[PDB]
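Visitor: Just one file: data_13.csv, with CSV, C-alpha atoms and all ligand atoms.
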```csv
chain,number,residue,atom,x,y,z
Z,2,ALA,CA,0.0,0.0,0.0
Z,3,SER,CA,1.6,3.3,1.2
Z,4,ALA,CA,4.6,1.8,3.0
Z,5,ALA,CA,4.7,-1.1,0.5
Z,6,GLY,CA,3.2,0.0,-2.9
Z,7,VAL,CA,5.0,3.4,-2.8
Z,8,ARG,CA,8.3,1.7,-1.9
Z,9,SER,CA,7.7,-0.9,-4.6
Z,10,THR,CA,7.4,1.7,-7.5
Z,11,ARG,CA,10.4,3.5,-5.9
Z,12,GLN,CA,12.5,0.3,-6.4
Z,13,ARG,CA,11.5,-0.1,-10.0
Z,14,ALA,CA,12.3,3.6,-10.6
Z,15,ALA,CA,15.9,3.0,-9.2
Z,16,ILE,CA,16.3,0.0,-11.6
Z,17,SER,CA,15.0,2.0,-14.5
Z,18,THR,CA,17.5,4.8,-13.6
Z,19,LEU,CA,20.5,2.5,-13.6
Z,20,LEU,CA,19.6,1.2,-17.0
Z,21,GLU,CA,19.4,4.7,-18.5
Z,22,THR,CA,23.1,5.1,-17.5
Z,23,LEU,CA,24.4,1.7,-18.8
Z,24,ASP,CA,25.4,1.3,-22.5
Z,25,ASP,CA,25.9,-2.5,-22.5
Z,26,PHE,CA,24.1,-5.8,-21.8
Z,27,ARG,CA,24.3,-6.9,-18.1
Z,28,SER,CA,23.0,-9.9,-16.1
Z,29,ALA,CA,20.5,-9.6,-13.2
Z,30,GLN,CA,23.3,-10.5,-10.9
Z,31,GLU,CA,25.6,-7.7,-12.2
Z,32,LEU,CA,22.7,-5.2,-12.1
Z,33,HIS,CA,21.8,-6.2,-8.5
Z,34,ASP,CA,25.5,-5.8,-7.5
Z,35,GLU,CA,25.8,-2.3,-8.9
Z,36,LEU,CA,22.5,-1.2,-7.2
Z,37,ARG,CA,24.0,-2.4,-4.0
Z,38,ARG,CA,27.3,-0.5,-4.7
Z,39,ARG,CA,25.1,2.6,-5.4
Z,40,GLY,CA,23.5,2.4,-2.0
Z,41,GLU,CA,20.2,0.8,-2.9
Z,42,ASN,CA,18.8,-2.1,-0.9
Z,43,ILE,CA,16.9,-4.2,-3.4
Z,44,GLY,CA,16.8,-8.0,-3.2
Z,45,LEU,CA,18.0,-10.1,-6.2
Z,46,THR,CA,14.6,-11.7,-6.5
Z,47,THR,CA,12.9,-8.3,-7.0
Z,48,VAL,CA,15.6,-7.3,-9.5
Z,49,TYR,CA,15.1,-10.5,-11.6
Z,50,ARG,CA,11.3,-10.0,-11.5
Z,51,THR,CA,11.5,-6.3,-12.6
Z,52,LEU,CA,13.9,-7.0,-15.5
Z,53,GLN,CA,11.5,-9.8,-16.6
Z,54,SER,CA,8.6,-7.3,-16.7
Z,55,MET,CA,10.8,-4.8,-18.6
Z,56,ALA,CA,12.0,-7.5,-21.0
Z,57,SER,CA,8.5,-8.4,-22.0
Z,58,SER,CA,6.8,-4.9,-22.1
Z,59,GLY,CA,9.5,-3.6,-24.5
Z,60,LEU,CA,11.5,-1.4,-22.2
Z,61,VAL,CA,14.6,-3.6,-22.1
Z,62,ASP,CA,16.1,-5.9,-24.8
Z,63,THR,CA,17.4,-9.3,-23.9
Z,64,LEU,CA,20.0,-12.0,-24.9
Z,65,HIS,CA,21.1,-15.5,-23.7
Z,66,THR,CA,24.8,-15.8,-23.2
Z,67,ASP,CA,26.8,-19.0,-23.8
Z,68,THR,CA,26.5,-19.6,-20.0
Z,69,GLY,CA,22.6,-19.6,-20.1
Z,70,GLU,CA,22.2,-16.3,-18.2
Z,71,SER,CA,19.8,-13.7,-19.6
Z,72,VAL,CA,21.4,-10.2,-20.1
Z,73,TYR,CA,19.5,-6.9,-20.3
Z,74,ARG,CA,19.8,-3.3,-21.7
Z,75,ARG,CA,17.4,-0.2,-22.0
Z,76,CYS,CA,16.6,-0.1,-25.7
Z,77,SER,CA,19.8,0.7,-27.7
Z,78,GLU,CA,19.4,4.3,-29.2
Z,79,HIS,CA,21.2,3.2,-32.4
Z,80,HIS,CA,18.7,2.2,-35.1
Z,81,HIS,CA,17.7,-1.5,-35.0
Z,82,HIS,CA,14.6,-3.8,-35.1
Z,83,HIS,CA,13.2,-6.4,-32.7
Z,84,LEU,CA,12.4,-10.1,-32.7
Z,85,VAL,CA,9.5,-10.8,-30.3
Z,86,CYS,CA,7.9,-13.9,-28.6
Z,87,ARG,CA,4.2,-14.1,-29.1
Z,88,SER,CA,3.7,-15.9,-25.8
Z,89,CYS,CA,5.6,-13.9,-23.2
Z,90,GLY,CA,6.7,-10.8,-25.1
Z,91,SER,CA,10.5,-11.4,-24.7
Z,92,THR,CA,12.2,-8.8,-26.9
Z,93,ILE,CA,15.5,-9.5,-28.7
Z,94,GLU,CA,17.5,-6.9,-30.7
Z,95,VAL,CA,18.1,-7.7,-34.4
Z,96,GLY,CA,19.6,-5.8,-37.4
Z,97,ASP,CA,21.7,-5.9,-40.6
Z,98,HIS,CA,23.9,-3.6,-42.7
Z,99,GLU,CA,22.8,-5.3,-45.9
Z,100,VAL,CA,19.0,-5.5,-45.1
Z,101,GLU,CA,18.9,-1.8,-44.2
Z,102,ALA,CA,20.8,-1.2,-47.4
Z,103,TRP,CA,18.2,-3.0,-49.5
Z,104,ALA,CA,15.3,-1.0,-48.0
Z,105,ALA,CA,16.9,2.4,-48.9
Z,106,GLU,CA,17.9,1.8,-52.5
Z,107,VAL,CA,14.5,0.3,-53.5
Z,108,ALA,CA,12.7,3.5,-52.4
Z,109,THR,CA,15.0,5.9,-54.2
Z,110,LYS,CA,14.8,3.4,-57.1
Z,111,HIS,CA,11.1,4.2,-57.7
Z,112,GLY,CA,11.7,7.8,-57.0
Z,113,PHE,CA,10.3,8.3,-53.4
Z,114,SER,CA,11.1,11.1,-51.0
Z,115,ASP,CA,10.9,10.9,-47.1
Z,116,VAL,CA,11.5,7.2,-46.8
Z,117,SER,CA,10.8,5.1,-43.7
Z,118,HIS,CA,10.3,1.4,-42.9
Z,119,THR,CA,9.1,-1.1,-40.3
Z,120,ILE,CA,10.6,-4.6,-39.9
Z,121,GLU,CA,9.3,-6.9,-37.2
Z,122,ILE,CA,10.0,-10.5,-36.5
Z,123,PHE,CA,7.9,-12.9,-34.3
Z,124,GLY,CA,7.9,-16.5,-33.2
Z,125,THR,CA,7.3,-18.8,-30.1
Z,126,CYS,CA,10.5,-18.7,-28.0
Z,127,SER,CA,12.7,-21.5,-26.7
Z,128,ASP,CA,11.6,-21.0,-23.1
Z,129,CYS,CA,8.0,-20.9,-24.4
Z,130,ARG,CA,7.9,-24.4,-25.8
O,2,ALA,CA,-28.9,5.5,-58.7
O,3,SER,CA,-30.6,2.2,-59.8
O,4,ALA,CA,-29.9,2.5,-63.6
O,5,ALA,CA,-26.6,4.3,-62.8
O,6,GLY,CA,-25.2,3.2,-59.4
O,7,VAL,CA,-26.0,-0.4,-59.9
O,8,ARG,CA,-24.5,-0.3,-63.5
O,9,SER,CA,-21.4,1.4,-62.0
O,10,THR,CA,-20.7,-1.3,-59.4
O,11,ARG,CA,-21.4,-3.9,-62.2
O,12,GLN,CA,-18.6,-2.3,-64.2
O,13,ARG,CA,-16.1,-2.4,-61.3
O,14,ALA,CA,-16.9,-6.1,-60.7
O,15,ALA,CA,-16.1,-6.8,-64.4
O,16,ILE,CA,-12.7,-5.1,-64.0
O,17,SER,CA,-12.0,-6.9,-60.7
O,18,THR,CA,-12.9,-10.2,-62.5
O,19,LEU,CA,-10.5,-9.6,-65.4
O,20,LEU,CA,-7.7,-9.0,-63.0
O,21,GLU,CA,-8.3,-12.3,-61.0
O,22,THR,CA,-7.6,-14.1,-64.4
O,23,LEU,CA,-4.4,-12.2,-65.4
O,24,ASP,CA,-1.0,-13.1,-64.0
O,25,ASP,CA,1.1,-10.2,-65.3
O,26,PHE,CA,1.2,-6.4,-65.2
O,27,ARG,CA,-1.0,-4.6,-67.8
O,28,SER,CA,-1.6,-1.0,-68.8
O,29,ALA,CA,-5.1,0.6,-68.5
O,30,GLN,CA,-5.2,0.7,-72.4
O,31,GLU,CA,-4.4,-3.1,-72.6
O,32,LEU,CA,-7.0,-3.8,-69.9
O,33,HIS,CA,-9.7,-1.7,-71.6
O,34,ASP,CA,-9.0,-3.5,-74.9
O,35,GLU,CA,-9.4,-7.0,-73.4
O,36,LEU,CA,-12.7,-6.0,-71.7
O,37,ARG,CA,-13.9,-4.8,-75.0
O,38,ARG,CA,-12.8,-8.1,-76.6
O,39,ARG,CA,-14.6,-9.9,-73.8
O,40,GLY,CA,-17.9,-8.2,-74.7
O,41,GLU,CA,-17.9,-5.4,-72.1
O,42,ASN,CA,-18.7,-1.9,-72.9
O,43,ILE,CA,-16.7,0.2,-70.5
O,44,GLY,CA,-15.0,3.5,-71.5
O,45,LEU,CA,-11.3,4.0,-71.1
O,46,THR,CA,-11.8,6.9,-68.7
O,47,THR,CA,-13.8,4.7,-66.3
O,48,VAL,CA,-11.2,1.9,-66.6
O,49,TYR,CA,-8.3,4.3,-65.7
O,50,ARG,CA,-10.3,5.8,-62.7
O,51,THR,CA,-11.1,2.3,-61.4
O,52,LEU,CA,-7.6,1.0,-61.6
O,53,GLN,CA,-6.5,4.2,-59.7
O,54,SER,CA,-8.9,3.4,-56.9
O,55,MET,CA,-7.6,-0.1,-56.8
O,56,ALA,CA,-4.0,0.9,-56.9
O,57,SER,CA,-4.4,3.1,-53.9
O,58,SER,CA,-6.7,1.0,-51.7
O,59,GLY,CA,-4.3,-2.0,-52.0
O,60,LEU,CA,-6.2,-4.3,-54.3
O,61,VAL,CA,-3.8,-3.9,-57.3
O,62,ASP,CA,0.0,-3.3,-57.3
O,63,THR,CA,1.5,-0.8,-59.7
O,64,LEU,CA,4.7,0.0,-61.7
O,65,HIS,CA,5.9,2.8,-64.1
O,66,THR,CA,7.4,1.4,-67.3
O,67,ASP,CA,10.3,3.0,-69.3
O,68,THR,CA,7.5,4.6,-71.5
O,69,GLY,CA,5.9,6.4,-68.5
O,70,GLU,CA,2.7,4.3,-68.5
O,71,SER,CA,1.4,2.8,-65.2
O,72,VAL,CA,0.8,-1.0,-65.3
O,73,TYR,CA,-1.4,-3.0,-62.9
O,74,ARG,CA,-1.9,-6.5,-61.4
O,75,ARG,CA,-4.2,-8.0,-58.7
O,76,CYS,CA,-1.9,-8.6,-55.7
O,77,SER,CA,0.7,-11.3,-56.8
O,78,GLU,CA,-0.1,-14.5,-54.7
O,79,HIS,CA,3.7,-15.2,-54.4
O,80,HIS,CA,5.1,-13.9,-51.1
O,81,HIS,CA,6.3,-10.3,-51.3
O,82,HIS,CA,6.1,-6.9,-49.5
O,83,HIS,CA,4.9,-3.4,-50.5
O,84,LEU,CA,6.2,0.1,-50.8
O,85,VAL,CA,3.5,2.7,-50.2
O,86,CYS,CA,2.9,6.4,-50.8
O,87,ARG,CA,1.8,8.3,-47.7
O,88,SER,CA,-0.1,10.8,-49.8
O,89,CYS,CA,-2.2,8.9,-52.4
O,90,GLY,CA,-1.8,5.2,-51.3
O,91,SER,CA,0.0,4.1,-54.5
O,92,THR,CA,1.2,0.5,-53.8
O,93,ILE,CA,4.3,-0.9,-55.4
O,94,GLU,CA,5.5,-4.5,-55.1
O,95,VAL,CA,9.0,-5.1,-53.5
O,96,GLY,CA,11.0,-8.2,-52.4
O,97,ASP,CA,14.4,-9.8,-52.1
O,98,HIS,CA,15.9,-13.3,-51.8
O,99,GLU,CA,18.7,-12.1,-49.5
O,100,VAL,CA,16.5,-10.0,-47.2
O,101,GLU,CA,14.0,-12.8,-46.7
O,102,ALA,CA,17.0,-15.1,-46.0
O,103,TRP,CA,18.3,-12.8,-43.2
O,104,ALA,CA,14.8,-12.8,-41.5
O,105,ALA,CA,14.6,-16.6,-41.3
O,106,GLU,CA,18.1,-17.5,-40.0
O,107,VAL,CA,18.0,-14.8,-37.2
O,108,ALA,CA,14.9,-16.4,-35.8
O,109,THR,CA,16.2,-20.0,-35.8
O,110,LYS,CA,19.4,-18.5,-34.5
O,111,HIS,CA,17.9,-17.5,-31.1
O,112,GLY,CA,15.9,-20.8,-31.2
O,113,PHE,CA,12.3,-19.6,-32.1
O,114,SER,CA,9.5,-21.8,-33.6
O,115,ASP,CA,6.6,-20.6,-35.7
O,116,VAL,CA,8.4,-17.6,-37.3
O,117,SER,CA,6.6,-14.7,-39.2
O,118,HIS,CA,7.6,-11.2,-40.2
O,119,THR,CA,6.3,-7.9,-41.5
O,120,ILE,CA,8.3,-5.5,-43.7
O,121,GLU,CA,6.8,-2.3,-44.9
O,122,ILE,CA,8.2,0.7,-46.8
O,123,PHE,CA,6.8,4.2,-47.1
O,124,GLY,CA,7.6,7.5,-48.7
O,125,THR,CA,6.2,10.5,-50.6
O,126,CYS,CA,5.9,9.4,-54.3
O,127,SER,CA,7.3,11.1,-57.5
O,128,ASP,CA,3.8,12.1,-58.7
O,129,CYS,CA,3.1,13.3,-55.2
O,130,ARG,CA,5.8,16.0,-55.1
H,201,ZN,ZN,15.5,-2.6,-28.9
H,202,ZN,ZN,16.0,-0.5,-40.1
H,203,ZN,ZN,8.3,-16.7,-24.9
H,204,ZN,ZN,1.3,-6.8,-53.6
H,205,ZN,ZN,8.9,-11.6,-46.6
H,206,ZN,ZN,1.7,9.5,-54.0
```
As structure tokens, please, write out the structure in this file.
Guide:
Amino acid sequence: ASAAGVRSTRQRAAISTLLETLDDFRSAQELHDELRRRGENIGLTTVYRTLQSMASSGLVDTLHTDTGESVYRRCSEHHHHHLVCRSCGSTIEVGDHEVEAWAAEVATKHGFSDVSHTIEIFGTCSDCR
Amino acid sequence: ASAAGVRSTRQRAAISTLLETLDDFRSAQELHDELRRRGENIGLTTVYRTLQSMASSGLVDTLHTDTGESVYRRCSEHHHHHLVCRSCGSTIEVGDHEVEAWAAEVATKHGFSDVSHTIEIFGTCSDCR
């Protein structure tokens, strides 16, 4: 409620804030540890759960490292597109020099000004089977 | 009205029907001529106007040949994507072997089943400036 529900949203805001400052993918462990170093007192279970909400509402992007651990980043600022899981919303960052190249030339081919494009991929994720 | 508005929709239906049977891009002239050969009595102005409505509501796709003439086809049945004019809705067919290739591998890369994708391009057309 007021001791709990206001302290809850205050935790999330602290997680959100740490992300805005990080430029690279980080595990939930690494993110918990840096919050701790920064004076926060936020349990690892709460961190993992928050990053999951973020990773499936499209605020953070995710990857699975050769370990098995999920890593996270606030959406990347440099132009890219996303792969998304239909079932849980898990968002993965995707791109390509030579796809983005195709999309540009084909517009100026037919003589179009003010070009823009949307590329989206979807599927049922590994976890979701 | 009943002599006019019912005969009007009857004309469009005859144009729509000819398209369902043609597999290749054809000018408004060529399409008028074949309607005529098929027993219809539909003026060239009405044909040109119908194909324009179709070309910008997304029923036919369009191209501009080295002459300057617009050519038209009912949407192609083989998998492709579209370029579209923001201003008039002019729909042009676009595709690529090596774009479609990228989209598939990147999904089965991260271990996704039941893959699908949407690619859309947009811009202000040559006619529209
Ligand atoms: Zn992203
Ligand atoms: Zn792009
Ligand atoms: Zn999933
Ligand atoms: Zn088409
Ligand atoms: Zn495709
Ligand atoms: Zn236009």
Visitor: To check your reading of the model: which residues sit at most 10 Å from ligand ZN 204 (chain H) when counting all atoms listed in the file? Write the answer as a PyMOL selection string.
Guide: chain O and resi 56+59-63+74-84+92-96
Visitor: Taking all atoms listed in the file into account, which residues are within 9 Å of ligand ZN 205 (chain H), as a PyMOL selection string?
Guide: chain O and resi 80-82+96-98+100-102+104+117-120
Visitor: Mind writing the picked residues with C-alpha atoms as a PDB file, in the coordinates of the input?
Guide:
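Now in again_20.pdb:
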```pdb
ATOM      1  CA  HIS O  80       5.100 -13.900 -51.100  1.00  0.00           C
ATOM      2  CA  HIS O  81       6.300 -10.300 -51.300  1.00  0.00           C
ATOM      3  CA  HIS O  82       6.100  -6.900 -49.500  1.00  0.00           C
ATOM      4  CA  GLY O  96      11.000  -8.200 -52.400  1.00  0.00           C
ATOM      5  CA  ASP O  97      14.400  -9.800 -52.100  1.00  0.00           C
ATOM      6  CA  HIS O  98      15.900 -13.300 -51.800  1.00  0.00           C
ATOM      7  CA  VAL O 100      16.500 -10.000 -47.200  1.00  0.00           C
ATOM      8  CA  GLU O 101      14.000 -12.800 -46.700  1.00  0.00           C
ATOM      9  CA  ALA O 102      17.000 -15.100 -46.000  1.00  0.00           C
ATOM     10  CA  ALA O 104      14.800 -12.800 -41.500  1.00  0.00           C
ATOM     11  CA  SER O 117       6.600 -14.700 -39.200  1.00  0.00           C
ATOM     12  CA  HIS O 118       7.600 -11.200 -40.200  1.00  0.00           C
ATOM     13  CA  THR O 119       6.300  -7.900 -41.500  1.00  0.00           C
ATOM     14  CA  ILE O 120       8.300  -5.500 -43.700  1.00  0.00           C
TER      15      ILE O 120
END
```
Visitor: Within 8 Å of residue Z:108, counting only C-alpha atoms, which residues show up once you throw out same-chain ones fewer than 3 positions away? Write them as a PyMOL selection string, please.
Guide: (chain Z and resi 104-105+111-114+116) or (chain O and resi 84+122-124)
Visitor: Distance atom CA of residue O:42-atom CA of residue O:70, one decimal place?
Guide: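 These two atoms are separated by 22.7 Å.
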Visitor: Take atom CA of residue Z:126 and atom CA of residue Z:27 and report the distance between them in Å, one decimal.
Guide: 20.7 Å
Visitor: Name the residues in contact with residue O:50 at a cut-off of 12 Å, using only C-alpha atoms, excluding same-chain residues fewer than 4 positions from it; report them as a list in words.
Guide: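 Counting only C-alpha atoms, the residues come to residues 9, 12, 13, 16, 29, 33, 43, 44, 45, 46, 54, 55, 56 and 57 of chain O.
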Visitor: Report, in Å to a single decimal, how far apart atom CA of residue O:32 and atom CA of residue O:65 are.
Guide: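 Computing the Euclidean distance for atom CA of residue O:65 and atom CA of residue O:32 yields 15.6 Å.
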Visitor: Could the residues that lie within 9 Å of ligand ZN 203 (chain H), counting only C-alpha atoms and all ligand atoms, be listed as a PyMOL selection string?
Guide: (chain Z and resi 57+85-91+124-130) or (chain O and resi 113)
Visitor: Hey, which of Z:26, Z:6, Z:103, Z:110 ends up closest to ligand ZN 201 (chain H)? Count only C-alpha atoms and all ligand atoms.
Guide: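 Nearest to ligand ZN 201 (chain H): Z:26.
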Visitor: Which residue out of O:7, O:53, O:99, O:66 has the minimum interatomic distance to ligand ZN 206 (chain H) when all atoms listed in the file are used?
Guide: O:53
Visitor: Which one is closest to residue Z:37: Z:4, Z:52, Z:20, Z:15? Count all atoms listed in the file.
Guide: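 Residue with the minimum atom-to-atom distance to residue Z:37: Z:15.
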Visitor: From the set Z:35, Z:24, Z:67, Z:115, which residue has the shortest atom-to-atom contact distance to ligand ZN 206 (chain H), counting only C-alpha atoms and all ligand atoms?
Guide: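 Checking each candidate against ligand ZN 206 (chain H), we get Z:115 as the closest.
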Visitor: Closest to chain Z among O:64, O:14, O:72, O:5, using all atoms listed in the file?
Guide: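 Checking each candidate against chain Z, we get O:64 as the closest.
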Visitor: Would you mind putting N, CA and C atoms back on stretch 5-24 of chain Z and writing the result as a compact mmCIF listing (two decimals), keeping the file's coordinate frame?
Guide:
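Result file follows (selection.txt):
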```
# COMPACT_ATOMS: atom_id res chain seq x y z
N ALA Z 5 4.34 -0.03 1.38
CA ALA Z 5 4.70 -1.10 0.50
C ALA Z 5 4.63 -0.80 -1.03
N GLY Z 6 3.48 -0.30 -1.47
CA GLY Z 6 3.20 0.00 -2.90
C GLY Z 6 3.96 1.21 -3.42
N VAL Z 7 4.22 2.17 -2.52
CA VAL Z 7 5.00 3.40 -2.80
C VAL Z 7 6.52 3.04 -2.80
N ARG Z 8 6.93 2.12 -1.93
CA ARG Z 8 8.30 1.70 -1.90
C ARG Z 8 8.65 0.72 -3.03
N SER Z 9 7.64 -0.01 -3.48
CA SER Z 9 7.70 -0.90 -4.60
C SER Z 9 8.06 -0.11 -5.95
N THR Z 10 7.22 0.88 -6.28
CA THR Z 10 7.40 1.70 -7.50
C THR Z 10 8.71 2.55 -7.38
N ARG Z 11 9.13 2.84 -6.15
CA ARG Z 11 10.40 3.50 -5.90
C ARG Z 11 11.62 2.61 -6.18
N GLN Z 12 11.43 1.31 -6.00
CA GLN Z 12 12.50 0.30 -6.40
C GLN Z 12 12.61 0.25 -7.88
N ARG Z 13 11.52 -0.04 -8.57
CA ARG Z 13 11.50 -0.10 -10.00
C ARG Z 13 12.14 1.19 -10.63
N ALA Z 14 11.73 2.37 -10.18
CA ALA Z 14 12.30 3.60 -10.60
C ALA Z 14 13.88 3.61 -10.49
N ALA Z 15 14.40 3.07 -9.38
CA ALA Z 15 15.90 3.00 -9.20
C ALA Z 15 16.50 2.01 -10.22
N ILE Z 16 15.81 0.91 -10.54
CA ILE Z 16 16.30 0.00 -11.60
C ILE Z 16 16.24 0.68 -12.94
N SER Z 17 15.07 1.20 -13.33
CA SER Z 17 15.00 2.00 -14.50
C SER Z 17 16.13 3.01 -14.67
N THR Z 18 16.47 3.69 -13.58
CA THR Z 18 17.50 4.80 -13.60
C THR Z 18 18.87 4.24 -13.91
N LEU Z 19 19.19 3.07 -13.36
CA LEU Z 19 20.50 2.50 -13.60
C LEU Z 19 20.68 2.10 -15.02
N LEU Z 20 19.63 1.53 -15.61
CA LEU Z 20 19.60 1.20 -17.00
C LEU Z 20 19.91 2.41 -17.92
N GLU Z 21 19.23 3.54 -17.68
CA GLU Z 21 19.40 4.70 -18.50
C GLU Z 21 20.92 5.06 -18.59
N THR Z 22 21.69 4.69 -17.56
CA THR Z 22 23.10 5.10 -17.50
C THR Z 22 24.09 4.01 -18.10
N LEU Z 23 23.60 2.78 -18.30
CA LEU Z 23 24.40 1.70 -18.80
C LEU Z 23 24.25 1.52 -20.33
N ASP Z 24 25.36 1.37 -21.05
CA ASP Z 24 25.40 1.30 -22.50
C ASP Z 24 25.43 -0.17 -23.02
```
